[PDB]
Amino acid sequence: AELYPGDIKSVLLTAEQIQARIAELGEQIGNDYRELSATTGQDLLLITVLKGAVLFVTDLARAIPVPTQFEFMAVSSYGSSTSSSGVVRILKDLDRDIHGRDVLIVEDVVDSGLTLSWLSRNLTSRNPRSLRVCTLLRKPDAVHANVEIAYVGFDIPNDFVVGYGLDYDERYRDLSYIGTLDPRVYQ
C-alpha cells in the first residue's frame, strides 16, 4: 500500500506503535475510571472536537475496558483573533447536559493549548463531576499553557505532522500512521 507516494518524507509513529500505546491508555483510563463510573450509574463521557480526533476516539473507547459514551463538538476559529482569545466559535454544541458526568476530553494533538484551554474551561462551567484531558500527541509549545493533560500518548518535536486524523488541507487523515510532510507540498 501507499496512498500518498512521496508526500511523507519521514515516519514519526508507525500504525502498530500507535495502537499499542492506545491499548496502554485504555488500561490506564480503565483503571482510573474503573470503580467510580459504572457504580455512579453514568458511563465515561468522551467529548471529541471535530474532526481530527475522530479516528483516535473510535480506537480509544474500544481500548477502554469500561463502558464509554460519545459526544462530538464542531468548532471554528474567529479568524486571527486567536492570540488574545483563546475563544473559539461553536458550530455544533453538546447534544445533552454534562452535569454530574465524568468527562474525558479527547484530542489528537495539543500544540498551543489555547483552544483546549477555552474548551476545558467551557465544559467546567457546565459543572461536570470530573474533567480530564487525553491527547494522542503533545508538542513542545504546550508547556506554555495552563491546562493539565492527564493522559498523553506521545511527546513529539515541534514539527508539522499528518496522519491518523491529522490533516493538511483536509488530506492524509486516512493514514494509519503518523509522519511528517515533505515541504515540497506547501507550494
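Residue indices: 1-based, along the sequence shown.
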Higher of the two mean Cα B-factors (41-49, 66-74; per PDB record) comes from 41-49
With B-factors read from the PDB entry, the higher C-alpha mean of 8-16 and 167-175 is in 8-16
Listed options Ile98, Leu114, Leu104, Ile90: highest C-alpha B factor recorded at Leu114
When the entry's CA B-factors for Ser130, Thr135, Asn158, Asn122 are compared, the highest one belongs to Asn158
Chain thirds by Cα B factor, record data; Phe154 belongs to the lowest
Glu27: C-alpha B-factor third of its chain, per the entry, is the middle
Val57: C-alpha B-factor third of its chain, per the entry, is the lowest
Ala142: CA B-factor among chain residues, third -> middle
